[PDB]
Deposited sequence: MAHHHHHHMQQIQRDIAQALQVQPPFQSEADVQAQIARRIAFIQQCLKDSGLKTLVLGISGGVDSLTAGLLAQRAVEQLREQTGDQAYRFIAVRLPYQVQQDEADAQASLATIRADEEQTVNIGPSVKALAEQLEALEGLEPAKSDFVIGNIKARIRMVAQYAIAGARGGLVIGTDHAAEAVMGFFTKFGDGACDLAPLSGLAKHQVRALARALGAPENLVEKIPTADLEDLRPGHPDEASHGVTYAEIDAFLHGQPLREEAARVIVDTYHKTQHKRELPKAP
C-alpha cells in the first residue's frame, strides 16, 4: 500500500515539473538543445523583443542557459539579418573567490555579445539599513533574510537592464532545483523564460558539455544530494528516507511553484 502510493506521488511530481526522461542517446541530447534554443527564439519573437538578459554566476546552470541564449541570438542574427538581437551577460560580483574565478571562466566560455557588471552591494546595504525589522534578529535568521534580499535585488538589476534594452530575463530553474524549492521566491525564481525547465541536474551538465563548456565548469559543485534528487525525478531507485524528504520539501514549497494565492 505504502509503496504504490509513494510511486504515484513521485509520478505526479515528475509530471508537474515536466521532468525530461533520461537521455538515451546523443539524438536526445541534441534534440533538447535544438528545442530549447528554438524556445528562446520563440519567446523573443512572440514578445516582439530582441535582447536577452542573464546573470552569470559561475555555476553550471547559468553557464548552460547562457550558452543556449548566445547560440539563440547568433542564429537569429544570421537568419533575420537583424543585428539588434543581442545577449547581455550580467556579472553580479559577490565575495566567494572560487565563484568569481568561475564566473570569469564562465564568461570566457559563453563569449556573450555584451557583458555588464552590476555591483548590488550598495543597494543591498542601503535597503538593509532602512529595515527596522532587521534590528535584533538572530544571526542565522538575519543571514537568510539578507541572502534573500541579495537574490531579489539581483532580479531587480536584471529586470532593469531588460527594461532599458527591450529584453527578456532568462532564469536558470530546472527540475532538480524546482522540486526542492531551492531558489528565492521572486528572486532567482523570477524570470520571463526558464529554458532549463524540466531538466535533472545531470541533464543540465550533459547539455553544458555538449554546448562546449570546459570540464571544470561542467562538474563545478535539505540533507539530500543532487544525485538522489535526480533519481527521484526519473523514478529510479533511491533511499526511502531521501524520497520522503524530497516529497515533504516539495509539499512545503508548493507556494513557490504557483501563482499568488487567491480566494
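The deposited chain is incompletely modelled, with C-alpha atoms absent over 1-3, 225-241.
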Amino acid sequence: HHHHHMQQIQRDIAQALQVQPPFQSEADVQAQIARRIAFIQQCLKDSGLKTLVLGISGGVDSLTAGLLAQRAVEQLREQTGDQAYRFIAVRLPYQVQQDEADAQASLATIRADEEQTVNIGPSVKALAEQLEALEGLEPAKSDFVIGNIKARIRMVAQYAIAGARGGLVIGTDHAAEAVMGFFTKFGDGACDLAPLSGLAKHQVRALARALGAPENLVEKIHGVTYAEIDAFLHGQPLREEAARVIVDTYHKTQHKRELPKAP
From here on, numbers count along this sequence of modelled residues.
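The stretch with the higher mean CA B factor, choosing between 67-75 and 130-138, is 130-138. Judged by mean Cα B factor in the deposited record, 208-216 ranks above the other of 208-216 and 33-41.
As recorded in the entry, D82 carries the highest CA temperature factor of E177, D192, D188, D82. Comparing the C-alpha B-factors of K201, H234, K50, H222 in the entry, the top value falls on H222.
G147 sits in the middle third of its chain by CA B factor, as recorded in the PDB entry. The deposited CA B-factor of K252 belongs to the middle third of values across its chain. Annotation for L92: CA B-factor lies in the highest third of the chain's modelled residues.
In the deposited entry, the Cα temperature factor of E26 sits in the top third of values across the chain's modelled residues.
In this PDB entry, the Cα temperature factor of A103 sits in the top third of its chain's modelled residues, the highest group.
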